[PDB]
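Peer 1: I am attaching a structure below and will ask some questions about it afterwards.
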Amino acid sequence: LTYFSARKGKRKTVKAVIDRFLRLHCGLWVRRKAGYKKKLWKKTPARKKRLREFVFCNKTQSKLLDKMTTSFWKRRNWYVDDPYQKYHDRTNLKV
Amino acid sequence: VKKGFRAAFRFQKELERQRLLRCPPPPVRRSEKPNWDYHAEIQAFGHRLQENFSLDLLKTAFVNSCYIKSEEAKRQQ
Amino acid sequence: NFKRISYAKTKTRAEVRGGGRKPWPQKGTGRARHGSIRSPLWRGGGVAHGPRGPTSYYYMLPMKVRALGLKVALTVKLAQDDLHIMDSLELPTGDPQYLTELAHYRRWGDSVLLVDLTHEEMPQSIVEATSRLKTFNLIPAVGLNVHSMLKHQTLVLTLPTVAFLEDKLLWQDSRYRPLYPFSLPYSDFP
Amino acid sequence: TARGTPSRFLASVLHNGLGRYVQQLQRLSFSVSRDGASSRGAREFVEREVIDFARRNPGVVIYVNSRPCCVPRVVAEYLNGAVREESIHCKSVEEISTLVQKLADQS
Amino acid sequence: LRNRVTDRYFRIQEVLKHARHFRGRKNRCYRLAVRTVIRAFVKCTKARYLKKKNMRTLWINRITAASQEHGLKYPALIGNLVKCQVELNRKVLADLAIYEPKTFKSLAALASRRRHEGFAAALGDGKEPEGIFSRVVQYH
Amino acid sequence: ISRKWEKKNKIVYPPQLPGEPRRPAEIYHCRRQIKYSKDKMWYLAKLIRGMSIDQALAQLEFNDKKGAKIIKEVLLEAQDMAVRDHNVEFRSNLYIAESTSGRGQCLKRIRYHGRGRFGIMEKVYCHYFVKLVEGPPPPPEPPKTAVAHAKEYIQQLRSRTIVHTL
Amino acid sequence: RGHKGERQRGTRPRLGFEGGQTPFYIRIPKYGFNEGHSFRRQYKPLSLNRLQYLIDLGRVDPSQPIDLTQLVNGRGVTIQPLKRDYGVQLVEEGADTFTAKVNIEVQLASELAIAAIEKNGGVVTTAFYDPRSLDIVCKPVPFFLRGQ
Amino acid sequence: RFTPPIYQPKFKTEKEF
Amino acid sequence: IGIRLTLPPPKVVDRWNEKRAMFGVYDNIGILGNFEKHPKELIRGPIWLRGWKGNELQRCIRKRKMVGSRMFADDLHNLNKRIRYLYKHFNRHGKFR
RNA sequence: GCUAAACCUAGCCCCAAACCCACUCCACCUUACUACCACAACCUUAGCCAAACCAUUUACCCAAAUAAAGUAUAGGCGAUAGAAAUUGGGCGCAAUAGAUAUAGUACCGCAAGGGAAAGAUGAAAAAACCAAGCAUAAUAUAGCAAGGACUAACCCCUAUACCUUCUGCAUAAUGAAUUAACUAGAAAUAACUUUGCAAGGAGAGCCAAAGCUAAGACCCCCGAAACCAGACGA
RNA sequence: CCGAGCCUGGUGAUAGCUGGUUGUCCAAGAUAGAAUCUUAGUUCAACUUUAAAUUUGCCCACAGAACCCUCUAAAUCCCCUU
RNA sequence: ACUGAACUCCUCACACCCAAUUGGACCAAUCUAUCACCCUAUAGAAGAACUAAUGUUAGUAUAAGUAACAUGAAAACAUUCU
RNA sequence: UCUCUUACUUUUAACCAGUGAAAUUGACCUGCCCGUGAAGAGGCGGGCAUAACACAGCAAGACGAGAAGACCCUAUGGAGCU
Ligand SMILES: [Mg+2]
Ligand SMILES: [Mg+2]
Ligand SMILES: [Mg+2]
Ligand SMILES: [Mg+2]
Ligand SMILES: [Mg+2]
Ligand SMILES: [Mg+2]
Ligand SMILES: [Mg+2]
Ligand SMILES: [Mg+2]
Ligand SMILES: [Mg+2]
Ligand SMILES: [Mg+2]
Ligand SMILES: [Mg+2]
Ligand SMILES: [Mg+2]
Ligand SMILES: [Mg+2]
Ligand SMILES: [Mg+2]
Ligand SMILES: [Mg+2]
Ligand SMILES: [Mg+2]
Ligand SMILES: [Mg+2]
Ligand SMILES: [Mg+2]
Ligand SMILES: [Mg+2]
Ligand SMILES: [Mg+2]
Ligand SMILES: [Mg+2]
Ligand SMILES: [Mg+2]
Ligand SMILES: [Mg+2]
Ligand SMILES: [Mg+2]
Ligand SMILES: [Mg+2]
Ligand SMILES: [Mg+2]
Ligand SMILES: [Mg+2]
Ligand SMILES: [Mg+2]
Ligand SMILES: [Mg+2]
Ligand SMILES: [Mg+2]
Ligand SMILES: [Mg+2]
Ligand SMILES: [Mg+2]
Ligand SMILES: [Mg+2]
Ligand SMILES: [Mg+2]
Ligand SMILES: [Mg+2]
Ligand SMILES: [Mg+2]
Ligand SMILES: [Mg+2]
Ligand SMILES: [Mg+2]
Ligand SMILES: [Mg+2]
Ligand SMILES: [Mg+2]
Ligand SMILES: [Mg+2]
Ligand SMILES: [Mg+2]
């Protein structure tokens with residue numbers, strides 16, 4: 001990715017990242033399952049449900065995603081009626 | 001020509017040492033050399049040997065006749 | 001350091017004159033292979049990693065830190081019997097030797113910093129005296145800084161200036177965070 | 001290295017221990033400065049230790065010079081006539097004291 | 001040329017000082033000198049081990065020499081001296097051999113006596129009156 | 001360039017006491033920038049190295065080498081000035097104390113080989129130095145006798161110590 | 001730098017390249033988590049707790065009406081019009097132990113917070129502010145210097 | 001399969017005293 | 001050889017010339033003077049450098065856009081080339097990604 | 001004791017300020033520097049390179065610093081590209097350095113074109129020591145050249161040169177005649193560490209569910225065959 | 001020095017390939033694998049290091065871990081005590 | 001029985017024998033601020049350290065006084081001869 | 001040409017005199033046999049030999065010197081041709 005822009009000399013975000021992942025303010029990232037729209041006739045219903053769910057990403061994936069994205073995307077946003085509002089903060093977390 | 005003073009000064013002191021090796025100066029008595037007081041040295045001569053000398057006598061012991069002849073001749077002019 | 005700008009630059013390999021062609025073919029001779037005669041390796045070549053252009057070393061400490069700086073410097077002066085308070089910087093005569101011999105008589109020390117409140121309303125007598133004295137220095141209140149105070153052995157202040165310094169430095173704590181630069185009007189600033 | 005350097009056989013001056021032990025250190029010459037950090041450690045050595053040290057060994061004559069210098073030093077002279085120069089420089093009172101002891105108990 | 005080393009002469013002299021007594025170019029040419037001086041310092045380091053080994057070998061030879069001239073083997077002498085609980089190390093025995101030869105003969109004589117008392121004890125089976133010199137002193 | 005050798009004739013010693021051996025006279029002389037190889041000059045220098053002046057002039061006369069006439073000139077110049085300026089009584093009683101050749105300053109030209117190849121040729125120059133000492137030449141050290149070998153061998157055996165004891 | 005390779009010569013591939021196989025980020029399907037993020041409106045929350053504490057310290061004045069401008073001046077809130085903020089949302093939190101009678105002006109309020117204010121005898125109303133009005137109201141003094 | 005020769009510049013050889 | 005053979009002329013530094021004496025005065029222009037001026041208005045020097053700091057690449061970008069029109073043909077070509085170099089260096093090279 | 005060594009000042013670099021020279025007599029577009037006789041200029045840059053290939057694609061100066069914002073947006077929707085409204089003199093070099101520069105000269109090339117090196121007394125010239133290499137002064141059994149030693153230089157005993165790439169490597173394989181000078185780790189996010197202030201931090205913008213501000217501390221050198229544009233050559 | 005002349009410029013072209021990389025001292029410190037136009041290279045994992053928080057880890061005894069194939073060894077997993 | 005290690009004991013001392021890598025304690029010289037004033041101190045900075053790139057420049061060696069190179073004869077230096 | 005080579009002349013050569021290169025070179029105080037290193041030892045192990053120092057020859061060894069590397073493989077290196 002571009003560490004120093006040629007116009008302004010600041011970092012740039014990889015837009016491939018932004019249209020695939022949701023980052024929560026706490027530091028987690030959310031993705032969809034790969035192939036959730038693919039060939040559903042042959043898949044079993046349990047398999048289908050496992051596909052529909054929005055999952056988290058492990059530490060390294062999360063680290064890589066944060067490097068590929070600017071500080072703007074990491075700020076706290078007070079959207080009106082976002083369905084992900086509750087998930088922004090953690091609860092009862094000791095290490 | 002290199003900016004700096006320390007390396008240059010060091011080198012001068014090295015050259016001084018080499019010059020001393022080449023032609024050593026004539027030996028001169030320690031009286032004719034810095035950091036000398038004969039009085040204090042006399043007392044220390046007593047104390048080194050753990051001997052309670054009479055300091056007046058010890059002084060008298062160290063003064064040769066050859067010295068006094070030379071001293072008289074020197075003082076004359 | 002904040003005011004410092006570096007003027008040193010050196011030419012890189014690309015910026016040195018000539019050095020276009022390959023000096024000799026790679027394979028043929030016994031010689032070590034080269035691409036240009038202006039490479040860092042060569043005599044007369046460009047510099048590998050050198051001073052590059054005008055360089056600025058500008059940064060800002062936070063305001064409250066600089067304020068605290070002034071405070072410490074002033075406490076330290078008074079703690080060590082290096083600080084003196086004066087009704088006015090008014091001199092019986094403009095003869096500069098009078099000021100030197102007074103400092104000698106009062107055990108001020110070799111260097112004295114004289115602070116007045118305003119530049120315009122500084123007395124005639126002190127300005128004449130201090131103009132031709134190297135070690136004694138006259139500044140207005142707004143001039144005062146940590147560096148000069150440390151450089152000079154004595155700090156001399158007036159009663160006008162002491163009230164002024166108190167006001168401004170004490171203002172720094174017990175203020176809000178700004179909404180906009182303080183040069184702009186507020187309901188109670190200036 | 002042993003080949004690369006000179007050698008001596010073990011000896012003393014004038015069979016030191018035989019009759020009576022004689023302290024070989026004869027003279028000490030301290031060069032200090034009134035101002036300047038190098039001589040700082042040495043300065044307070046002259047504040048305290050010099051006096052009681054000089055009492056402890058009356059055989060040694062101590063000279064303190066107190067002149068401007070970038071490197072303070074000590075010149076140890078011995079009975080036999082050897083001269084040992086040691087640059088005290090930026091050394092704490094304690095490690096200067098250790099030096100002066102080490103000089104005084106050797107030939 | 002903002003910064004240039006000004007005192008390389010002194011850095012060079014540090015190696016060359018050691019190299020003075022060598023032969024050939026390596027006594028003065030730095031890129032040669034350094035390599036040999038490194039080897040010299042390593043040699044000198046490992047030579048501590050060998051000094052100690054070799055000194056003992058010299059002592060053992062010297063002791064063997066003096067023992068042989070009274071007409072008993074080295075092992076005989078050294079072993080029997082221990083069973084007499086006279087603990088003198090090789091250094092002093094070798095030193096006695098050269099400088100105090102009367103004392104050395106006495107040591108040799110006592111060793112051979114203990115040797116013989118041992119032989120007598122070996123011959124007998126069961127309980128017999130123990131040799132005078134064979135008797136051991138206990139410490140509690 | 002250094003020119004120390006020349007200055008050696010400007011040394012003045014203080015007058016001697018009557019109770020002193022008569023100091024031999026002492027002349028230093030040289031020629032600079034001789035077009036001749038320094039090592040080639042060495043052989044001629046080495047030859048005359050300990051002989052008297054006349055005997056050296058004799059040897060140099062019949063010597064076929066180029067530098068031989070050059071050295072002859074230097075020696076005659078040195079002899080002349082010895083008598084004239086250095087207060088030497090007799091011109092015959094001088095011997096060569098030291099005879100040395102140094103490298104003088106050299107130029108570089110080119111030598112053209114085959115293909116395009118070449119080499120750097122050096123126009124060789126050198127200095128010659130001499131020193132003359134007034135008086136008869138030193139008699140050469142006698143060859144080592146069997147008795148001297150024997151004597152020193154005895155000395156050598158007597159120097160042995162019992163090593164690594166007290 | 002290690003031993004000589006792509007790493008040591010400093011010619012490592014870009015971030016997110018998996019050496020050949022379809023990289024993690026690419027191989028995931030695209031979904032509109034942030035499809036129209038810049039067009040969404042954002043309201044900064046003011047809690048009743050926050051409001052009460054401001055009144056208790058005399059920072060926000062109850063003898064006068066409250067609007068955006070008064071709160072901002074009080075340092076009760078920070079509003080970034082540029083960052084798609086559209087004013088102040090009034091939240092339920094600390095409904096109990098809210099004892100003050102005020103005329104408050106907010107862009108959004110929850111029914112509970114309305115109830116909380118009207119219980120004490122206060123008046124709450126919601127009023128819309130356009131972005132160009134908002135930047136003006138939040139910081140009036142700079143706007144006054146614009147000469148418009 | 002041929003390497004041309006190279007001449008050093010003439011100024012070095014033409015140096016005088 | 002390459003070491004001096006005499007001591008250079010001693011350098012005397014006048015610590016009490018006017019420039020040394022009034023060094024750093026008015027650095028507190030802001031806090032002591034009602035905030036009329038920032039201290040960064042005491043900075044003199046290049047147009048593109050007064051009260052700003054950046055790496056080489058950033059400095060070049062800035063000089064290009066601020067005094068790019070007014071600078072000499074060959075100087076500007078050198079500057080355009082610098083930027084090309086540094087762009088590749090910083091984006092495509094190094095230890096860490 | 002030779003060869004040498006040593007030097008401080010010519011000048012130069014980056015800024016700021018300010019809009020620059022176009023020049024006695026004669027000659028000079030013909031074969032320029034030669035007194036003196038019947039055609040005509042404006043026309044998309046490409047390519048290296050990045051994409052770990054390559055084929056669409058890949059920042060390059062356009063007329064206010066900051067912020068909006070690496071946002072909207074664009075894109076084999078991937079590498080990457082990227083708005084607008086709006087806001088407003090010297091901690092420099094000092095003769096292998098610094099300009100190539102004592103000079104675009106000498107020299108090299110048919111031409112376009114390439115392109116050096118170097119100097120040092122003193123107020124006045126109308127006045128001491130240190131690189132390599134050698135010399136002083138060749139050499140005597142035996143062996144990585146030394147170490148342990150020794151009364152003693154050698155003799156005695158112990159001891160498979162260095163760097164780099166390979167699992168070993170003694171040695172195998174690259175590299176070094178030697179001396180002097182020059183010659184190679186440049187930066188972000190995020191963390192940690194130390195301060196100031198603290199539900200707020202910051203000298204507009206930005207962040208904040210103890211955070212925010214400031215500082216500290218992390219990212220090398222030399223080398224192809226090539227490709228393209230414009231000149232020069234029978 | 002022509003399977004495509006030479007010069008300047010783009011140009012510090014590019015080089016997963018070769019070569020090099022400059023003071024002292026101390027400390028911790030090695031070989032599960034997977035994908036890859038990939039095996040002369042990267043990325044993930046494993047190991048390694050530093051800092052932090054907190055509680056068990058290693059060695060382990062009983063009990064326990066399959067039939068079929070027509071036949072079964074050194075052993076291994078799990079594991080309180082210590 | 002003796003000999004036989006850097007193992008172990010003995011008298012003292014103790015951070016002081018792994019590649020890549022990672023952590024740490026110091027520090028040569030130079031410039032700046034302030035000291036100092038026969039060459040230092042505390043800090044701030046930086047073109048900040050070379051036994052090695054068939055590295056680049058200059059000097060001097062090895063091969064090596066080697067390979068190689070050169071003027072027909074006599075004479076009076078008029079001339080003549082081959 | 002050879003069986004089967006010989007003799008003489010010139011060039012070279014070797015000596016005296018003048019001028020004076022080049023590749024090469026880690027340092028060298030630079031031996032032989034056997035073993036080891038699987039092949040490959042002047043330098044490692046066991047034996048043997050051995051005052052020092054020029055000049056002339058020879059080509060068995062120094063994996064002898066010098067090159068735009070003959071062959072095989074590799075590069076997500078080029079280029080010409082179809
Ligand atoms: Mg170029
Ligand atoms: Mg190139
Ligand atoms: Mg090349
Ligand atoms: Mg340059
Ligand atoms: Mg030709
Ligand atoms: Mg030559
Ligand atoms: Mg590379
Ligand atoms: Mg590509
Ligand atoms: Mg690449
Ligand atoms: Mg120059
Ligand atoms: Mg030049
Ligand atoms: Mg020398
Ligand atoms: Mg031997
Ligand atoms: Mg390799
Ligand atoms: Mg080999
Ligand atoms: Mg023709
Ligand atoms: Mg590869
Ligand atoms: Mg360790
Ligand atoms: Mg794979
Ligand atoms: Mg594939
Ligand atoms: Mg591959
Ligand atoms: Mg357990
Ligand atoms: Mg033992
Ligand atoms: Mg142990
Ligand atoms: Mg230990
Ligand atoms: Mg310092
Ligand atoms: Mg450097
Ligand atoms: Mg060097
Ligand atoms: Mg070669
Ligand atoms: Mg070579
Ligand atoms: Mg080199
Ligand atoms: Mg020769
Ligand atoms: Mg030969
Ligand atoms: Mg010949
Ligand atoms: Mg021959
Ligand atoms: Mg000849
Ligand atoms: Mg050659
Ligand atoms: Mg063999
Ligand atoms: Mg060999
Ligand atoms: Mg021969
Ligand atoms: Mg090849
Ligand atoms: Mg290809």
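Identifiers in this document derive from the order of the structure tokens: chains are assigned A, B, ..., residues are numbered from 1 separately in each chain, and ligands are numbered from 1 in order of occurrence.
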Based on only C-alpha atoms (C1' of nucleotides), which of the residues in chain B come within 9 Å of chain L? I want them as a list in words.
Peer 2: residues 3, 4, 5, 6, 7, 9 and 10 of chain B
Peer 1: Do you know which residues are at most 9 Å from range 42-53 of chain B counting only C-alpha atoms (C1' of nucleotides), after dropping those on the same chain fewer than 3 positions away, and could you put them as a list in words?
Peer 2: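 The residues satisfying every condition are residues 37, 38, 39, 56, 57, 58 and 59 of chain B; 20, 21, 22, 23, 24, 26, 57, 58, 59, 60 and 61 of chain D.
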Peer 1: Kindly export the residues of the current selection with C-alpha atoms, as an mmCIF file, in the first residue's frame.
Peer 2:
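Contents of out29.cif, as written:
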data_model
loop_
_atom_site.group_PDB
_atom_site.id
_atom_site.type_symbol
_atom_site.label_atom_id
_atom_site.label_comp_id
_atom_site.auth_asym_id
_atom_site.auth_seq_id
_atom_site.Cartn_x
_atom_site.Cartn_y
_atom_site.Cartn_z
ATOM 1 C CA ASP B 37 60.315 21.971 50.210
ATOM 2 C CA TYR B 38 63.459 20.770 51.958
ATOM 3 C CA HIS B 39 62.129 21.312 55.502
ATOM 4 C CA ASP B 56 68.837 20.768 63.691
ATOM 5 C CA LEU B 57 71.586 18.112 63.786
ATOM 6 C CA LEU B 58 70.170 16.218 60.802
ATOM 7 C CA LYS B 59 70.310 19.479 58.789
ATOM 8 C CA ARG D 20 62.304 -3.038 59.706
ATOM 9 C CA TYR D 21 59.618 -2.321 57.112
ATOM 10 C CA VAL D 22 60.115 0.998 55.326
ATOM 11 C CA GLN D 23 57.319 2.615 53.310
ATOM 12 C CA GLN D 24 58.606 3.065 49.770
ATOM 13 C CA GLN D 26 58.138 9.040 49.467
ATOM 14 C CA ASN D 57 51.633 7.941 56.925
ATOM 15 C CA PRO D 58 54.114 10.638 58.092
ATOM 16 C CA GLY D 59 56.779 9.256 55.733
ATOM 17 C CA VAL D 60 55.019 10.564 52.621
ATOM 18 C CA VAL D 61 55.264 14.267 51.821
#
Peer 1: Which residue out of K:22, K:8, K:55, K:36 has the minimum interatomic distance to chain E when only C-alpha atoms (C1' of nucleotides) are used?
Peer 2: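 Looking at the shortest contact to chain E, the residue is K:22.
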Peer 1: If we count only C-alpha atoms (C1' of nucleotides) and set the cut-off at 8 Å, which residues sit around residue 68 in chain D, ignoring sequence neighbours fewer than 4 positions away in its own chain? Please answer as a PyMOL selection string.
Peer 2: (chain D and resi 32-35) or (chain L and resi 37)
Peer 1: Using only C-alpha atoms, find the residues of chain I whose closest atom to chain G is at most 9 Å away, then write them as a PyMOL selection string.
Peer 2: chain I and resi 91-97
Peer 1: Residues near range 87-95 of chain C, anyone? I mean within 8 Å using only C-alpha atoms (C1' of nucleotides), not counting same-chain ones fewer than 2 positions away, as a list in words.
Peer 2: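 What passes the distance filter is residues 85, 97, 98, 99, 116, 122, 123, 124, 125, 126, 128, 129, 158, 159 and 160 of chain C.
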Peer 1: Next, dump the selected residues to file, keeping only C-alpha atoms, as a tab-separated table (two decimals), in the first residue's frame.
Peer 2:
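File produced: part_1.tsv:
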chain	number	residue	atom	x	y	z
C	85	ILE	CA	12.51	42.87	42.93
C	97	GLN	CA	30.05	52.22	35.20
C	98	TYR	CA	27.58	53.09	37.99
C	99	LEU	CA	25.45	50.05	37.15
C	116	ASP	CA	10.85	45.99	32.53
C	122	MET	CA	11.52	51.96	29.89
C	123	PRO	CA	13.51	54.78	31.64
C	124	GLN	CA	16.07	56.83	29.70
C	125	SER	CA	18.82	56.27	32.27
C	126	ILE	CA	18.71	52.45	32.19
C	128	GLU	CA	21.67	54.53	28.04
C	129	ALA	CA	23.56	52.49	30.66
C	158	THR	CA	10.18	45.39	38.73
C	159	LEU	CA	7.00	45.49	40.82
C	160	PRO	CA	4.89	46.26	37.67
